[PDB]
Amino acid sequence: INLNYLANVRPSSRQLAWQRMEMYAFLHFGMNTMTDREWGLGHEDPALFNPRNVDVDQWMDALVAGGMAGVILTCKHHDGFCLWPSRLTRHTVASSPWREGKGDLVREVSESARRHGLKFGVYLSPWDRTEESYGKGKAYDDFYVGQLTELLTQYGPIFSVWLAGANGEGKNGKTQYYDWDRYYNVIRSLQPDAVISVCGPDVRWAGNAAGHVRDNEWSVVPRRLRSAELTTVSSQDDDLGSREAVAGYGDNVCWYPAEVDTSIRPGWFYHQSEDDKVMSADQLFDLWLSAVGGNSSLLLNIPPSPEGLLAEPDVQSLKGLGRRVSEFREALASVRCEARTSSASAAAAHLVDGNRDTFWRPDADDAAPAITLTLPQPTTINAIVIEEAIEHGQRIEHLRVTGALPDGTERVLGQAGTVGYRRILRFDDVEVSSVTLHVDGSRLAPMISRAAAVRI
């Protein structure tokens, strides 16, 4: 096991810009919304696509109020109907009566995303149930690549290209062997800042669709994980990144951080029968604390109705999720403790200076690295937040948190494994004088760019 190797695997600059987005939105919309399905059958009549009240500004307003950093639109789902006027097939909005055949929903969405300060990403299903070339090999690749080129060069900066693994062809279906390597070269060449996700090397599907977050989430994982979703370790395993899980891989490991994806409803597309099963503001806020406080990026889907609007319950939950995240952020930014450290005290101000590029790192011979955060007055708290300077790698393996009570006893307030981008370690309301964070397990010396004790 070479810890100078493991402890120094680092995010690319596109991975690090992505990680700081934290939470962004999925928008599953199109033919499936019109036909009320989760998967379409292919060859749907384009006359079915006639939403009478498409209001992307209403979607974006609600995503801004929800604290979203960007939006990923389903520009072509498995059914093959394209939401832009592709020159490569007639199975698009141009063949539909929406906007008299002059519409381009990718343009409307990306333009409105930008006006509202949200990044824009594209979902482009490799699986296609309409396209005649699908199953033919190379001729389908050329079609796909030609569609990537349209999406990546006509609509401005793309932050994510999301490549779904789903394939329902079955034992007797069409067999298409995607030329993934040729697709990557296209994406890298045209949008080199974009992250290629799921069936791609930059961002890893966390391995469930229900919003479950691992107890420990390693961004440093075996390199074969980048092929997991493509065609025996699996995106689903609970343990991917522990010393024990990675040792036999040696250098054949990489930075490949997790994205937790889930829908606000049981389905990805809008179904009216799901209006009473829309996740609430607090269930969403809990998901957020859990994911964004658990080294996991959060991709939350909110499907527009066939009228072409986000439904009321969904807008209410998003408004409420954004109020909560925004009070959290406000709390973190305005708390004020004095920080003391077990060693390298000259750098203790880095833990509390509001600067994500400065960090504290204990001397290499410090046998028990610890941070103590002393509150200006005795205070009721119920979380600590801690961040690693993940530019420099992911190190922390165990963290134990203790609290000094005003009577002068101390309680073990809670423990966690991995930190990474951010750990929000939650516990019961408790009034304390100070907290100590015992970083008692690490892969070489940890680099900690923020620490705070907070009341959520």
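All residue numbers refer to positions in the sequence shown, first residue = 1.
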Missing residues, deposited sequence, between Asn208 and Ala209 (class: none, 1 to 3, 4 to 9, 10 or more) | none
When mean C-alpha B-factors in the record are compared for 282-290 and 197-205, the larger belongs to 282-290
Return whichever of 38-46 and 410-418 has the greater mean Cα B factor according to the PDB record.
-> 410-418
From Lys76, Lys119, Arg243, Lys136, which pick has the Cα B-factor that tops the rest in the entry?
-> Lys136
Tell me which of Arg90, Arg182, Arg107, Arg226 tops the list for C-alpha B factor in the record.
-> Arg90
Lowest, middle or highest third: where is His438 by C-alpha B factor in its chain?
-> highest
For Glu387, the third of its chain by CA B-factor is the middle
Relative to the other modelled residues of the same chain, rank the CA B-factor of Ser263 and answer lowest, middle or highest third.
-> lowest
Tertile call for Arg188 (CA temperature factor, within chain, third-based) is the lowest
Assert third(CA B-factor, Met23) within chain per record equals lowest
